[PDB]
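Colleague: Sending over a structure as structure tokens; questions will come in a sec.
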Amino acid sequence: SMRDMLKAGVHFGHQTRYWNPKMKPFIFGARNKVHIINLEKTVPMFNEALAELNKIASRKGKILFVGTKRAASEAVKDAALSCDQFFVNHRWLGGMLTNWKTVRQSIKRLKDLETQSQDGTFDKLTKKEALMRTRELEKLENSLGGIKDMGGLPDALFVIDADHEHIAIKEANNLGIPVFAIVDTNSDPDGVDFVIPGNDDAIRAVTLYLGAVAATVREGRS
RNA sequence: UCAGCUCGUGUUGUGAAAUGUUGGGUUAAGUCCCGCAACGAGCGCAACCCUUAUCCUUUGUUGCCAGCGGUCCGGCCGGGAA
Ligand SMILES: [K+]
Ligand SMILES: [K+]
Ligand SMILES: [Mg+2]
Ligand SMILES: [Mg+2]
């Protein structure tokens, strides 16, 4: 709803100087040298994206949430876990999708290390070796924790800030994976299949998007 | 004995190529961490080997002599295993 979005601060945009001219249709206007996104445009476009996401969920298609920004990192994890969907909330590895075959090997290493930790193999290691393994496991977990159970290419991508996650979008476009993304005034919307014009900086705005997308997929799954 | 030299897949470039391997620190070291369109891997680095420095255990002659006994004063002898 528009009332919730204005409360969330979805309408707030970046400063006019950093705008991308392709975003002009979505922008309502500028106040205090800050672009204001037209919520009237956002609400129908958000609804259309949610409807498609619901359909993909009904088909049992895997959904990947990307939110590398630290502010939204935890929220992206929680929303994906809530809907039992895969996520990436730390730096996106270039070639995660395009070079999935190579990236899979790291996933296999992560799960092996996890089992070894549970096994107590680390105890057999001479402390230092265990520490190295532990450090490796932590790094692998942060990067590949969300996609460890994905076991293939995601059927759809939901992205926060298209500009920040340009690599991920470019990979998705290459592999013909549909992209759903929140595009702020500064960002370019050409890559995204389904564009949602909203603030991506604000956690409150981010949570609103994530809550809705998690809910719609969950209904699709049911 | 210098810390270099490369590859697969991905990505960028019409292309030769590039990236990875650069960057911020750090190291004897492409050593390590962090960052990062790269993600991984191999040969090198290091370690694994030999010798040297300390200690313990076992063994005690052809090596040893602290404590005993005796001396031809030489562990020399009976001994002892320190
Ligand atoms: K050129
Ligand atoms: K290459
Ligand atoms: Mg090395
Ligand atoms: Mg060596």
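Residue numbering restarts at 1 for every chain of the structure tokens, chains are lettered A, B, ... in their displayed order, and ligands are numbered from 1 as they appear.
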Please provide as JSON, numbers by chain all residues within 9 Å of residue 31 of chain B, with the sequence filter that same-chain residues fewer than 4 positions apart are discarded (counting only C-alpha atoms (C1' of nucleotides)).

Modeller: {"B": [26, 27, 45, 46]}

Colleague: Show me which residues are within 12 Å of ligand 1 counting only C-alpha atoms (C1' of nucleotides) and all ligand atoms, and format the list as a PDB file with N, CA and C atoms (P, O5', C5', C4', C3', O3' and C1' of nucleotides), in the first residue's frame.

Modeller:
```pdb
ATOM      1  P     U B  12      31.444  -9.858 -20.663  1.00  0.00           P
ATOM      2  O5'   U B  12      32.754  -8.944 -20.719  1.00  0.00           O
ATOM      3  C5'   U B  12      32.800  -7.720 -19.944  1.00  0.00           C
ATOM      4  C4'   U B  12      34.084  -6.996 -20.259  1.00  0.00           C
ATOM      5  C3'   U B  12      34.394  -6.814 -21.750  1.00  0.00           C
ATOM      6  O3'   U B  12      33.677  -5.726 -22.310  1.00  0.00           O
ATOM      7  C1'   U B  12      36.328  -7.573 -20.626  1.00  0.00           C
ATOM      8  P     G B  13      33.193  -5.762 -23.841  1.00  0.00           P
ATOM      9  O5'   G B  13      34.594  -5.726 -24.616  1.00  0.00           O
ATOM     10  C5'   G B  13      35.325  -4.476 -24.679  1.00  0.00           C
ATOM     11  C4'   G B  13      36.617  -4.688 -25.426  1.00  0.00           C
ATOM     12  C3'   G B  13      36.504  -5.288 -26.829  1.00  0.00           C
ATOM     13  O3'   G B  13      36.050  -4.325 -27.777  1.00  0.00           O
ATOM     14  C1'   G B  13      38.325  -6.254 -25.637  1.00  0.00           C
ATOM     15  P     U B  14      34.842  -4.656 -28.789  1.00  0.00           P
ATOM     16  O5'   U B  14      35.499  -5.842 -29.638  1.00  0.00           O
ATOM     17  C5'   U B  14      34.638  -6.733 -30.398  1.00  0.00           C
ATOM     18  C4'   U B  14      35.359  -7.196 -31.642  1.00  0.00           C
ATOM     19  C3'   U B  14      36.701  -7.909 -31.438  1.00  0.00           C
ATOM     20  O3'   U B  14      36.542  -9.285 -31.116  1.00  0.00           O
ATOM     21  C1'   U B  14      36.862  -6.343 -33.221  1.00  0.00           C
ATOM     22  P     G B  15      37.287  -9.939 -29.851  1.00  0.00           P
ATOM     23  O5'   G B  15      38.820  -9.903 -30.306  1.00  0.00           O
ATOM     24  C5'   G B  15      39.235 -10.655 -31.474  1.00  0.00           C
ATOM     25  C4'   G B  15      40.612 -10.209 -31.900  1.00  0.00           C
ATOM     26  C3'   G B  15      41.725 -10.320 -30.854  1.00  0.00           C
ATOM     27  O3'   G B  15      42.273 -11.631 -30.861  1.00  0.00           O
ATOM     28  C1'   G B  15      41.805  -8.185 -31.898  1.00  0.00           C
ATOM     29  P     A B  16      42.996 -12.265 -29.573  1.00  0.00           P
ATOM     30  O5'   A B  16      44.439 -11.588 -29.666  1.00  0.00           O
ATOM     31  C5'   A B  16      45.351 -12.034 -30.691  1.00  0.00           C
ATOM     32  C4'   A B  16      46.593 -11.186 -30.625  1.00  0.00           C
ATOM     33  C3'   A B  16      47.289 -11.124 -29.263  1.00  0.00           C
ATOM     34  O3'   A B  16      48.170 -12.230 -29.161  1.00  0.00           O
ATOM     35  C1'   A B  16      47.054  -8.938 -30.151  1.00  0.00           C
ATOM     36  P     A B  17      48.384 -12.990 -27.766  1.00  0.00           P
ATOM     37  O5'   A B  17      48.784 -11.755 -26.834  1.00  0.00           O
ATOM     38  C5'   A B  17      48.264 -11.716 -25.492  1.00  0.00           C
ATOM     39  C4'   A B  17      47.756 -10.332 -25.179  1.00  0.00           C
ATOM     40  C3'   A B  17      47.267 -10.139 -23.744  1.00  0.00           C
ATOM     41  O3'   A B  17      48.362  -9.904 -22.872  1.00  0.00           O
ATOM     42  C1'   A B  17      45.606  -9.407 -25.198  1.00  0.00           C
ATOM     43  P     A B  18      48.386 -10.530 -21.391  1.00  0.00           P
ATOM     44  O5'   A B  18      47.203  -9.738 -20.667  1.00  0.00           O
ATOM     45  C5'   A B  18      47.213  -8.291 -20.674  1.00  0.00           C
ATOM     46  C4'   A B  18      45.907  -7.781 -20.117  1.00  0.00           C
ATOM     47  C3'   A B  18      45.524  -8.302 -18.731  1.00  0.00           C
ATOM     48  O3'   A B  18      46.156  -7.555 -17.703  1.00  0.00           O
ATOM     49  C1'   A B  18      43.657  -8.444 -20.171  1.00  0.00           C
TER      50        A B  18
END
```

Colleague: May I have the residues of chain A within 9 Å of chain B, counting only C-alpha atoms (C1' of nucleotides), written as a PyMOL selection string?

Modeller: chain A and resi 93-96+98-103+105-106+167

Colleague: Please extract the residues of segment 60-219 of chain A with a backbone DSSP assignment of strand (DSSP E) and present them as an mmCIF file with C-alpha atoms, in the first residue's frame.

Modeller:
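Output contents, as saved in states.cif:
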```cif
data_model
loop_
_atom_site.group_PDB
_atom_site.id
_atom_site.type_symbol
_atom_site.label_atom_id
_atom_site.label_comp_id
_atom_site.auth_asym_id
_atom_site.auth_seq_id
_atom_site.Cartn_x
_atom_site.Cartn_y
_atom_site.Cartn_z
ATOM 1 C CA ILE A 63 14.439 -17.574 -5.808
ATOM 2 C CA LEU A 64 17.777 -15.900 -5.017
ATOM 3 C CA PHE A 65 17.867 -12.775 -2.827
ATOM 4 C CA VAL A 66 20.868 -10.456 -3.276
ATOM 5 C CA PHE A 86 18.471 -18.931 -1.231
ATOM 6 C CA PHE A 87 20.287 -15.625 -0.647
ATOM 7 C CA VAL A 88 23.580 -13.743 -1.003
ATOM 8 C CA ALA A 156 14.549 -15.899 -10.441
ATOM 9 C CA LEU A 157 16.603 -13.140 -8.786
ATOM 10 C CA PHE A 158 15.369 -10.511 -6.319
ATOM 11 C CA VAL A 159 17.909 -7.702 -5.920
ATOM 12 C CA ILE A 160 18.231 -4.660 -3.644
ATOM 13 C CA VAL A 179 15.543 -10.144 -12.488
ATOM 14 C CA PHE A 180 13.321 -8.416 -9.926
ATOM 15 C CA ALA A 181 15.081 -5.404 -8.417
ATOM 16 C CA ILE A 182 14.508 -2.254 -6.381
ATOM 17 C CA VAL A 183 15.832 0.577 -8.573
ATOM 18 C CA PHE A 194 10.730 -6.259 -13.446
ATOM 19 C CA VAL A 195 11.590 -2.791 -12.115
ATOM 20 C CA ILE A 196 10.426 -1.595 -8.689
ATOM 21 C CA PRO A 197 11.239 2.128 -8.134
#
```

Colleague: Which chains and residue numbers are within 12 Å of ligand 4, counting only C-alpha atoms (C1' of nucleotides) and all ligand atoms, if I want them as a ChimeraX atom specification?

Modeller: /B:1,29,44-49

Colleague: Next, the residues of the selection above should be written as a PDB file, in the first residue's frame with N, CA, C and O atoms (P, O5', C5', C4', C3', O3' and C1' of nucleotides).

Modeller:
```
ATOM      1  P     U B   1      72.028 -17.543  -5.895  1.00  0.00           P
ATOM      2  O5'   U B   1      70.669 -17.701  -5.066  1.00  0.00           O
ATOM      3  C5'   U B   1      69.874 -18.899  -5.241  1.00  0.00           C
ATOM      4  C4'   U B   1      68.553 -18.724  -4.537  1.00  0.00           C
ATOM      5  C3'   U B   1      68.604 -18.602  -3.006  1.00  0.00           C
ATOM      6  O3'   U B   1      67.624 -17.684  -2.539  1.00  0.00           O
ATOM      7  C1'   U B   1      67.203 -20.371  -3.588  1.00  0.00           C
ATOM      8  P     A B  29      60.282 -10.326   1.503  1.00  0.00           P
ATOM      9  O5'   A B  29      59.631 -11.624   0.833  1.00  0.00           O
ATOM     10  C5'   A B  29      60.111 -12.041  -0.468  1.00  0.00           C
ATOM     11  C4'   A B  29      59.556 -13.402  -0.806  1.00  0.00           C
ATOM     12  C3'   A B  29      58.030 -13.546  -0.793  1.00  0.00           C
ATOM     13  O3'   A B  29      57.447 -13.106  -2.016  1.00  0.00           O
ATOM     14  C1'   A B  29      59.036 -15.371   0.349  1.00  0.00           C
ATOM     15  P     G B  44      57.530 -28.211  -7.794  1.00  0.00           P
ATOM     16  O5'   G B  44      58.308 -26.819  -7.895  1.00  0.00           O
ATOM     17  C5'   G B  44      58.380 -25.955  -6.736  1.00  0.00           C
ATOM     18  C4'   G B  44      58.877 -24.603  -7.181  1.00  0.00           C
ATOM     19  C3'   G B  44      59.233 -23.607  -6.074  1.00  0.00           C
ATOM     20  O3'   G B  44      60.537 -23.805  -5.552  1.00  0.00           O
ATOM     21  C1'   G B  44      57.757 -22.583  -7.523  1.00  0.00           C
ATOM     22  P     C B  45      60.779 -23.967  -3.973  1.00  0.00           P
ATOM     23  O5'   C B  45      60.044 -22.700  -3.337  1.00  0.00           O
ATOM     24  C5'   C B  45      60.660 -21.394  -3.400  1.00  0.00           C
ATOM     25  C4'   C B  45      60.077 -20.532  -2.306  1.00  0.00           C
ATOM     26  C3'   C B  45      60.052 -21.158  -0.907  1.00  0.00           C
ATOM     27  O3'   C B  45      61.287 -20.993  -0.228  1.00  0.00           O
ATOM     28  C1'   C B  45      57.933 -20.249  -1.395  1.00  0.00           C
ATOM     29  P     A B  46      61.912 -22.178   0.662  1.00  0.00           P
ATOM     30  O5'   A B  46      60.793 -22.382   1.784  1.00  0.00           O
ATOM     31  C5'   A B  46      60.546 -21.320   2.736  1.00  0.00           C
ATOM     32  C4'   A B  46      59.403 -21.713   3.642  1.00  0.00           C
ATOM     33  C3'   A B  46      59.481 -23.107   4.279  1.00  0.00           C
ATOM     34  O3'   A B  46      60.222 -23.103   5.492  1.00  0.00           O
ATOM     35  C1'   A B  46      57.362 -22.824   3.276  1.00  0.00           C
ATOM     36  P     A B  47      61.190 -24.325   5.889  1.00  0.00           P
ATOM     37  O5'   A B  47      60.161 -25.502   6.228  1.00  0.00           O
ATOM     38  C5'   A B  47      59.201 -25.334   7.301  1.00  0.00           C
ATOM     39  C4'   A B  47      58.207 -26.470   7.266  1.00  0.00           C
ATOM     40  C3'   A B  47      58.793 -27.883   7.155  1.00  0.00           C
ATOM     41  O3'   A B  47      59.110 -28.424   8.432  1.00  0.00           O
ATOM     42  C1'   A B  47      57.118 -27.592   5.508  1.00  0.00           C
ATOM     43  P     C B  48      60.370 -29.403   8.643  1.00  0.00           P
ATOM     44  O5'   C B  48      59.894 -30.739   7.905  1.00  0.00           O
ATOM     45  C5'   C B  48      58.765 -31.477   8.441  1.00  0.00           C
ATOM     46  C4'   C B  48      58.376 -32.571   7.477  1.00  0.00           C
ATOM     47  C3'   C B  48      59.489 -33.546   7.075  1.00  0.00           C
ATOM     48  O3'   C B  48      59.661 -34.564   8.053  1.00  0.00           O
ATOM     49  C1'   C B  48      58.257 -32.870   5.157  1.00  0.00           C
ATOM     50  P     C B  49      61.043 -34.741   8.858  1.00  0.00           P
ATOM     51  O5'   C B  49      62.095 -34.960   7.675  1.00  0.00           O
ATOM     52  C5'   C B  49      62.062 -36.192   6.915  1.00  0.00           C
ATOM     53  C4'   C B  49      63.375 -36.356   6.191  1.00  0.00           C
ATOM     54  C3'   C B  49      64.639 -36.118   7.028  1.00  0.00           C
ATOM     55  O3'   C B  49      65.028 -37.288   7.737  1.00  0.00           O
ATOM     56  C1'   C B  49      64.789 -34.915   4.986  1.00  0.00           C
TER      57        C B  49
END
```

Colleague: Excluding same-chain residues fewer than 2 positions from residue 109 of chain A, what lies within 12 Å of it counting only C-alpha atoms (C1' of nucleotides), as a PyMOL selection string?

Modeller: (chain A and resi 102-107+111-116+133+136-141+144-145+148) or (chain B and resi 40)

Colleague: Can you list, as a PyMOL selection string, every protein, DNA or RNA residue that comes within 10 Å of residue 31 of chain A when you count only C-alpha atoms (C1' of nucleotides), leaving out same-chain residues fewer than 2 positions away?

Modeller: chain A and resi 12-13+15-16+28-29+33-36

Colleague: By how many Å are atom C1' of residue 79 of chain B and atom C1' of residue 61 of chain B apart?

Modeller: 15.8 Å

Colleague: Under the rule that only C-alpha atoms (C1' of nucleotides) and all ligand atoms are counted, which of B:42, B:35, B:75, B:80 is the nearest residue to ligand 3?

Modeller: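 Counting only C-alpha atoms (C1' of nucleotides) and all ligand atoms, the residue closest to ligand 3 is B:42.
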